[PDB]
Structures are given as structure tokens and as C-alpha cells.
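Structure below is work24.cif: mmCIF, C-alpha atoms.
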data_input
loop_
_atom_site.label_atom_id
_atom_site.label_comp_id
_atom_site.auth_asym_id
_atom_site.auth_seq_id
_atom_site.Cartn_x
_atom_site.Cartn_y
_atom_site.Cartn_z
CA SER A 273 -12.71 -15.82 -3.74
CA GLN A 274 -9.50 -14.60 -1.99
CA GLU A 275 -9.43 -12.64 1.29
CA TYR A 276 -6.77 -9.91 1.60
CA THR A 277 -5.70 -7.91 4.64
CA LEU A 278 -5.43 -4.28 3.85
CA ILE A 279 -2.96 -2.44 6.04
CA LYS A 280 -3.15 1.34 6.62
CA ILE A 281 0.11 2.77 5.35
CA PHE A 282 0.35 6.33 6.60
CA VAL A 283 2.29 9.08 4.84
CA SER A 284 4.93 10.75 7.12
CA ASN A 285 5.51 13.90 5.10
CA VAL A 286 2.00 15.06 4.34
CA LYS A 287 3.21 18.52 3.25
CA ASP A 288 5.28 16.79 0.50
CA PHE A 289 2.17 14.80 -0.35
CA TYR A 290 0.27 18.13 -0.66
CA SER A 291 2.86 19.39 -3.17
CA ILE A 292 2.45 16.24 -5.28
CA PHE A 293 -1.32 16.56 -5.12
CA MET A 294 -1.35 20.25 -6.32
CA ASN A 295 1.17 19.52 -9.06
CA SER A 296 -1.25 16.88 -10.33
CA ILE A 297 -4.22 19.27 -10.13
CA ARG A 298 -2.30 21.83 -12.13
CA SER A 299 -1.11 19.34 -14.76
CA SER A 300 -4.60 17.87 -15.19
CA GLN A 301 -6.06 21.42 -15.57
CA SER A 302 -3.42 22.05 -18.22
CA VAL A 303 -4.06 18.85 -20.23
CA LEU A 304 -7.87 19.48 -20.19
CA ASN A 305 -7.52 23.18 -20.98
CA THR A 361 -11.12 11.89 -15.73
CA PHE A 362 -8.44 13.15 -13.20
CA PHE A 363 -10.74 14.41 -10.40
CA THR A 364 -14.47 14.77 -9.86
CA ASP A 365 -15.42 18.29 -11.06
CA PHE A 366 -16.78 20.87 -8.68
CA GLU A 367 -20.22 22.38 -9.49
CA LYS A 368 -20.83 26.21 -9.29
CA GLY A 369 -21.92 26.33 -5.65
CA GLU A 370 -19.20 23.89 -4.53
CA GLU A 371 -16.40 26.50 -4.45
CA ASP A 372 -16.23 26.33 -0.65
CA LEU A 373 -15.60 22.55 -0.99
CA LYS A 374 -12.82 23.05 -3.53
CA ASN A 375 -11.18 25.76 -1.39
CA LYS A 376 -11.30 23.40 1.62
CA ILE A 377 -9.76 20.40 -0.21
CA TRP A 378 -7.14 22.28 -2.26
CA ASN A 379 -5.65 23.59 0.92
CA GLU A 380 -2.64 22.51 2.98
CA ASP A 381 -4.89 22.12 6.10
CA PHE A 382 -6.86 19.41 4.36
CA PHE A 383 -3.78 17.18 4.22
CA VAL A 384 -2.03 18.40 7.38
CA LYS A 385 -4.86 18.85 9.90
CA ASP A 386 -8.25 17.63 8.64
CA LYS A 387 -7.55 14.20 7.08
CA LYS A 388 -5.08 11.33 7.42
CA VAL A 389 -3.39 10.31 4.15
CA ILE A 390 -3.33 6.54 3.79
CA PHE A 391 -2.07 4.10 1.11
CA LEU A 392 -4.06 0.86 1.32
CA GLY A 393 -1.44 -1.93 1.25
CA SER A 394 -2.66 -5.41 0.41
CA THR A 395 -1.08 -8.58 1.97
CA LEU A 396 -1.89 -12.27 2.19
CA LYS A 397 0.70 -12.53 5.00
CA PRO A 398 -0.37 -10.02 7.68
CA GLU A 399 1.75 -11.85 10.29
CA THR A 400 4.89 -10.38 8.56
CA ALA A 401 3.82 -6.71 8.93
CA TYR A 402 6.34 -6.04 11.69
CA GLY A 403 9.13 -6.68 9.17
CA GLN A 404 7.89 -4.20 6.45
CA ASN A 405 10.83 -2.15 5.25
CA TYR A 406 9.35 -0.48 2.08
CA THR A 407 6.06 0.09 0.30
CA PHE A 408 5.76 -1.08 -3.34
CA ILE A 409 3.67 0.68 -5.99
CA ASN A 410 3.45 0.27 -9.76
CA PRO A 411 5.17 3.34 -11.12
CA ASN A 412 3.59 3.08 -14.58
CA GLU A 413 -0.07 3.07 -13.40
CA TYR A 414 -2.58 5.53 -12.01
CA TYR A 415 -3.70 5.57 -8.45
CA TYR A 416 -6.87 7.24 -7.17
CA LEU A 417 -7.29 9.38 -4.08
CA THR A 418 -10.63 9.20 -2.36
CA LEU A 419 -12.18 9.85 1.03
CA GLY A 420 -13.19 7.00 3.30
CA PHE A 421 -14.00 5.64 6.72
CA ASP A 422 -11.77 4.47 9.47
CA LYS A 423 -14.07 1.44 10.02
CA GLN A 424 -15.77 -0.85 7.47
CA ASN A 425 -19.20 -2.53 7.82
CA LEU A 426 -17.55 -5.67 9.31
CA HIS A 427 -16.58 -3.58 12.41
CA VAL A 434 -24.82 -1.07 3.90
CA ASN A 435 -25.89 2.10 2.13
CA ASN A 436 -23.22 4.84 2.37
CA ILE A 437 -24.55 6.98 -0.46
CA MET A 438 -23.64 10.57 0.41
CA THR A 439 -23.39 14.10 -0.99
CA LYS A 440 -20.00 15.60 -1.59
CA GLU A 441 -20.32 17.79 1.47
CA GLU A 442 -21.34 14.84 3.69
CA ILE A 443 -18.30 12.82 2.58
CA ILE A 444 -16.04 15.83 3.35
CA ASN A 445 -17.66 16.13 6.83
CA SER A 446 -17.88 12.42 7.62
CA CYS A 447 -14.76 10.68 6.20
CA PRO A 448 -11.55 11.04 8.16
CA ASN A 449 -9.08 9.43 5.78
CA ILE A 450 -7.81 10.10 2.23
CA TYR A 451 -7.11 6.65 0.73
CA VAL A 452 -4.84 5.94 -2.10
CA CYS A 453 -5.69 2.87 -4.12
CA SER A 454 -6.13 1.34 -7.60
CA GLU A 455 -9.24 1.78 -9.78
CA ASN A 456 -9.82 -1.98 -9.44
CA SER A 457 -10.37 -1.71 -5.67
CA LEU A 458 -12.83 1.20 -5.63
CA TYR A 459 -16.18 -0.54 -5.97
CA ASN A 460 -15.04 -3.39 -3.79
CA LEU A 461 -14.06 -0.90 -1.09
CA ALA A 462 -17.51 0.80 -1.36
CA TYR A 463 -19.33 -2.58 -1.26
CA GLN A 464 -17.42 -3.40 1.92
CA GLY A 465 -18.18 -0.05 3.66
CA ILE A 466 -14.66 1.36 3.54
CA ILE A 467 -15.49 4.22 1.13
CA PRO A 468 -18.85 5.92 0.34
CA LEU A 469 -20.49 6.54 -2.99
CA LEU A 470 -21.65 9.89 -4.38
CA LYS A 471 -25.38 10.66 -4.46
CA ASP A 524 -20.51 7.91 -8.26
CA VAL A 525 -17.13 7.72 -6.41
CA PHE A 526 -15.72 11.04 -5.19
CA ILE A 527 -12.28 11.18 -6.77
CA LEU A 528 -9.92 13.85 -5.44
CA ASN A 529 -7.11 13.08 -7.79
CA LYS A 530 -5.68 10.37 -10.05
CA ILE A 531 -1.87 10.22 -9.86
CA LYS A 532 0.72 8.11 -11.65
CA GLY A 533 2.61 5.78 -9.21
CA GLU A 534 6.02 7.23 -10.24
CA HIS A 535 5.25 10.54 -8.56
CA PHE A 536 4.87 8.85 -5.12
CA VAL A 537 8.17 7.01 -5.38
CA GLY A 538 10.49 8.11 -2.56
CA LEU A 539 7.75 9.30 -0.19
CA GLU A 540 8.21 8.14 3.40
CA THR A 541 5.46 5.94 4.90
CA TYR A 542 4.83 3.86 8.08
CA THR A 543 2.30 1.62 9.69
CA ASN A 544 1.35 1.14 13.30
CA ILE A 545 2.77 -2.39 13.12
CA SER A 546 6.17 -1.90 11.53
CA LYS A 547 9.36 -1.96 13.59
CA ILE A 548 10.80 0.93 11.53
CA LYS A 549 8.88 3.97 10.48
CA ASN A 550 10.79 5.13 7.30
CA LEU A 551 9.15 2.89 4.71
CA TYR A 552 9.97 4.54 1.44
CA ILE A 553 7.71 3.96 -1.54
CA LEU A 554 9.61 1.92 -4.17
CA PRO A 555 8.68 0.98 -7.78
CA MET A 556 7.53 -2.59 -8.58
CA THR A 557 6.38 -2.87 -12.20
CA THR A 558 5.07 -6.52 -11.68
CA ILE A 559 2.17 -5.41 -9.42
CA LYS A 560 -0.99 -6.50 -11.25
CA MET A 561 -3.54 -3.69 -11.44
CA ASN A 562 -6.47 -6.12 -11.44
CA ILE A 563 -5.54 -7.56 -8.02
CA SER A 564 -6.63 -5.80 -4.78
CA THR A 565 -5.41 -2.17 -4.20
CA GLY A 566 -2.14 -2.36 -6.23
CA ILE A 567 -0.05 -1.36 -3.26
CA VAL A 568 2.07 -3.96 -1.52
CA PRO A 569 3.98 -3.91 1.79
CA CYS A 570 7.57 -4.92 1.10
CA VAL A 571 8.82 -7.57 3.61
CA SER A 572 12.11 -8.50 1.95
CA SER A 573 13.13 -10.91 4.77
CA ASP A 574 10.06 -13.15 4.37
CA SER A 575 9.07 -12.89 0.68
CA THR A 576 11.23 -13.88 -2.26
CA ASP A 577 9.60 -11.54 -4.79
CA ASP A 578 10.03 -8.61 -2.36
CA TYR A 579 13.67 -9.60 -1.85
CA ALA A 580 14.08 -9.84 -5.65
CA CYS A 581 12.69 -6.40 -6.29
CA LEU A 582 14.67 -4.68 -3.56
CA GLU A 583 17.81 -6.51 -4.70
CA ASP A 584 17.32 -5.34 -8.31
CA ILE A 585 16.86 -1.75 -7.09
CA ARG A 586 19.98 -1.94 -4.91
CA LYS A 587 22.00 -3.54 -7.73
CA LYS A 588 20.82 -1.00 -10.36
CA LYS A 589 20.75 1.90 -7.91
CA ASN A 590 22.23 4.29 -10.47
CA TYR A 591 19.38 3.62 -12.86
CA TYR A 592 16.78 3.92 -10.05
CA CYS A 593 18.15 7.01 -8.24
CA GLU A 594 18.55 8.71 -11.62
CA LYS A 595 15.03 7.88 -12.85
CA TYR A 596 12.94 8.44 -9.64
CA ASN A 597 13.16 10.72 -6.59
CA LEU A 598 15.35 8.24 -4.75
CA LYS A 599 18.75 8.50 -3.09
CA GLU A 600 21.05 5.61 -2.36
CA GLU A 601 20.81 6.08 1.36
CA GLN A 602 17.06 5.35 1.24
CA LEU A 603 17.85 1.84 -0.04
CA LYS A 604 19.39 0.40 3.14
CA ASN A 605 16.34 -0.40 5.35
CA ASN A 606 16.56 -3.75 7.09
CA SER A 607 13.55 -6.10 7.10
CA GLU A 608 13.13 -7.96 10.48
CA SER A 609 12.35 -11.66 9.63
CA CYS A 610 9.08 -12.75 11.20
CA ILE A 611 9.10 -16.43 10.16
CA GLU A 612 11.55 -19.28 10.60
CA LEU A 613 11.26 -22.54 8.66
CA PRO A 614 12.81 -25.46 10.54
CA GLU A 615 16.03 -26.65 8.74
CA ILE A 616 16.19 -23.35 6.77
CA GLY A 617 16.09 -20.79 9.59
CA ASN A 618 14.69 -17.31 8.96
CA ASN A 619 15.12 -14.82 6.06
CA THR A 620 13.54 -17.41 3.88
CA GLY A 621 12.83 -14.76 1.14
CA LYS A 622 16.59 -14.49 0.59
CA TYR A 623 17.15 -18.25 1.04
CA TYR A 624 14.83 -19.15 -1.84
CA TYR A 625 16.01 -16.25 -4.04
CA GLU A 626 19.53 -17.74 -3.92
CA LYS A 627 18.63 -21.42 -3.92
CA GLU A 628 16.60 -20.92 -7.11
CA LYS A 629 19.04 -18.45 -8.70
CA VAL A 630 16.29 -15.94 -9.48
CA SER A 631 17.52 -13.67 -12.27
CA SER A 632 15.44 -10.57 -11.60
CA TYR A 633 12.16 -9.58 -9.90
CA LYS A 634 10.48 -10.14 -13.33
CA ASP A 635 11.68 -13.77 -13.57
CA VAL A 636 8.77 -15.87 -14.72
CA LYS A 637 9.62 -18.69 -12.24
CA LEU A 638 9.05 -16.33 -9.25
CA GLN A 639 5.28 -16.96 -9.49
CA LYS A 640 5.79 -20.63 -8.59
CA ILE A 641 8.42 -19.87 -5.99
CA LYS A 642 6.06 -17.32 -4.43
CA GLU A 643 3.24 -19.85 -4.08
CA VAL A 644 5.48 -22.68 -2.77
CA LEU A 645 7.01 -20.42 -0.14
CA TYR A 646 3.55 -19.12 0.82
CA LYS A 647 2.28 -22.66 1.58
CA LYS A 648 5.41 -23.81 3.28
CA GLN A 649 5.48 -20.81 5.62
CA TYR A 650 1.79 -21.29 6.29
CA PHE A 651 2.05 -25.03 7.18
CA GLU A 652 5.57 -25.16 8.75
CA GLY A 653 6.60 -21.64 9.80
CA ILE A 654 7.31 -20.51 13.32
CA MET A 655 6.89 -16.89 14.32
CA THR A 656 10.03 -15.10 15.54
CA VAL A 657 8.55 -11.69 16.55
CA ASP A 658 6.32 -10.25 19.28
CA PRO A 659 3.59 -10.87 20.16
CA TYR A 660 3.81 -14.30 18.48
CA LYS A 661 7.28 -15.63 19.41
CA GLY A 662 7.31 -19.47 19.13
CA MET A 663 3.72 -19.73 17.89
CA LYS A 664 3.05 -21.50 14.62
CA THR A 665 2.52 -19.24 11.52
CA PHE A 666 -0.55 -21.34 10.79
CA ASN A 667 -2.23 -20.05 13.99
CA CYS A 668 -0.67 -16.53 13.86
CA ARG A 669 -2.04 -15.79 10.38
CA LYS A 670 -5.53 -15.71 11.94
CA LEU A 671 -4.58 -13.86 15.13
CA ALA A 672 -2.73 -11.23 13.10
CA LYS A 673 -5.77 -10.52 10.85
CA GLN A 674 -7.88 -10.16 14.00
CA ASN A 675 -5.48 -7.89 15.85
CA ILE A 676 -5.05 -5.65 12.78
CA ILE A 677 -8.78 -5.37 12.25
CA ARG A 678 -9.51 -4.90 15.98
CA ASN A 679 -6.85 -2.17 16.38
CA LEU A 680 -8.24 -0.26 13.37
CA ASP A 681 -4.84 -0.78 11.69
CA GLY A 682 -6.50 -2.36 8.62
CA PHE A 683 -9.40 -4.07 6.91
CA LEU A 684 -10.50 -7.42 5.48
CA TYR A 685 -10.94 -7.16 1.70
CA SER A 686 -12.34 -9.64 -0.90
CA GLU A 687 -13.04 -9.17 -4.58
#
Written as C-alpha cells, that's how I'd like the structure from this file.
Amino acid sequence: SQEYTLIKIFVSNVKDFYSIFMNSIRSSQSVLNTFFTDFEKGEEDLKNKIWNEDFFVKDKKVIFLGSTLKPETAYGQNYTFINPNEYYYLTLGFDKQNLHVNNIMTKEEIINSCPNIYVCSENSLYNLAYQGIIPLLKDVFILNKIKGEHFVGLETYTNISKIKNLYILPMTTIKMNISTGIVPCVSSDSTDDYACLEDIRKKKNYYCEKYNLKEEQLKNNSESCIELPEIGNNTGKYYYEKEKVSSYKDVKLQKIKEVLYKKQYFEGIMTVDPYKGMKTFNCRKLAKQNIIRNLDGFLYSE
């Protein structure tokens, strides 16, 4: 039973997010002339309140729930990865989980009580509920279901990242049965992240042609948070090259990923505030605590 740190990845351009949202409403209404929980006759006031620019600009914070097993590297996040071929769900939830219980609630109570719109995979929904992060309907209030491709190019940030222009990028190897299906990209400290970004950079004509991406969005630096003695830092790149990884879909990445994970854990030294010189082994725990204590994220198990 694996424990993940979910990090709150905030959308910068919430008005663009509102456009995406209403485009999805309109296309789902057209196909069905399973995308969003239907509104009953006397719930028109609720619909008018949600399908409304104010809902996304003033009333609620829009948050992708990014899953990491290396929360100590959050400072170095340069992108946010999503599976472009899969559906993601939008639902209302709480800024604090139970760890900070019955949260069965009417539609109107959820609208009045839940400050955040979360974006996450179907897989995570019940686990989120069970942990007190989202409520259940008196059975999950789904605002929309949107294919990951339509979010590609959106600007995001966290309260931990050094830079605040973390564009959503496509990563088709994200497994939809693991956590939230959204992954912080730390290309300095993770070889699969490096591999994916490097494939996008290298085939930038394919990517900028296929998604709402422009070349100039592909140049974000990732600040390395972890040095291995003898290797130095930017170990994601070091192992990518040492092992001659062919692509981000290379079947040997799975092994490389797990070897690097353990090695960083047992031998790494932190290179960023507030952990400079401390061992990764100790910082992994402090980082989870700080994130959870600052309301920047959650502990998640499934």
C-alpha cells in the first residue's frame, strides 16, 4: 500500500480554463442530443452559478492534483504532465482532508462548502472521498469530464515551485490506474521526466502542430534538488545518457526509474532551500510534512 503526496497545481489562466470547460459542456450536450452530473428541474440556479465565469474566476480555485513519490523535488517542477488520450474529471472538494468521516452532502451544500475545483482521474475519486478530500452526493458530483489533450498548453504553478509558468505537457505513459494521473515534471531529478521533455523538444514540430503548444513554451529550466555524490546533480539527465534511453516509452525506463528512486533516497543530498546539505532520506519526510502543514497538498493512499 503506497503513499503518494498530492501537490496542488493551480491554474494561472482561469478564464482560459473557463473556455475549455464550456466547450466541453457544449460538445457533451451535442453528443447526447456520463460527462457531467445532470441538473434536476429546481437546480437551475445551481447550473447558472456553475456555468458562469465567476465560478472559475472568483468563487473557486481550479486545481490539478499532481501525484509525486518525491515531494522533496517540488521546487524544481518545470512542467505538469497529463495523459492526453484519457479523460479527467472535475469535481468540488475541500482545502483540508480528514488527516488535518462522513462528508455526504447535497449538491447545494457542496457548492456552498467546497472551495476548490479539482481535476483528477476516475481512479482517484473514491480514494479522495474516503480520505476526506472530496465529498459524496446524498454519488460524486461531476462538473465535467474532459480529455487530457484539451488541457495541454495551459499554464500552471504551485506554491513550492521556483518558476510559476508550468505548462501542461502530454505524457502518454501515465497509468490511469495509479493515483490522480497527473504528474509534476521535475526533469532535473527524474529520468522519465527528462525523457519525456526531451522527446517533446526533439519532436517539437510534431508536438506544436498536434497540441496547443508553441516552441517557446518548451524551454523551462528545472532546478536540480538532489545531488548524488560522485555523480553531482541533474541525475535525471545523467542516467538518461548513461543508459542511452531511446524514448520516454523505452521499456527499460521502469527499472531505471526504480533504481534512481532508491539511490536518491539512500544517498542523495538536498541542494535547495530549506534543505541545503540535508540528506534526501531525512528531507523526504520533512517535505511531506511541510506540504501538508502549509495546505499545499495532501497524503494519498490507494
Could you pull the residues within 9 Å of residue 535 of chain A, counting only C-alpha atoms, minus those fewer than 2 positions along the same chain, as JSON, numbers by chain? {"A": [292, 411, 531, 532, 533, 537, 538, 539, 596, 597]}
Which polymer residues have any atom within 12 Å of an atom of residue 662 of chain A, counting only C-alpha atoms, with same-chain residues fewer than 6 positions away left out, as a ChimeraX atom specification? /A:610-614,652-656,668
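One distance worth recording is that between atom CA of residue 624 of chain A and atom CA of residue 573 of chain A, which is 10.7 Å.
Reported to one decimal place, the separation of atom CA of residue 453 of chain A from atom CA of residue 384 of chain A is 19.7 Å.
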Might you spell out which residues the PyMOL selection byres ((chain A and resi 577) around 9) would select in the displayed file, as a PyMOL selection string? chain A and resi 572+575-576+578-582+621+625+633-634+638-639+641-642
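The shortest atom-to-atom distance to residue 605 of chain A, with all atoms listed in the file taken into account, belongs to A:406 out of A:683, A:542, A:289, A:406.
Proximity of A:606, A:686, A:529, A:410 to residue 290 of chain A, computed with all atoms listed in the file, is greatest for A:529.
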Would you list the residues near (-9.1, 7.4, 3.3) (no more than 12 Å away, in the coordinates of the file, using all atoms listed in the file) as a ChimeraX atom specification? /A:279-283,383,386-392,416-424,443-444,446-453,458,461-462,465-468,526-528,682
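Here atom CA of residue 541 of chain A and atom CA of residue 284 of chain A stand 5.3 Å from one another.
Closest approach to residue 294 of chain A among A:442, A:380, A:534, A:635 is made by A:380 (distances from only C-alpha atoms).
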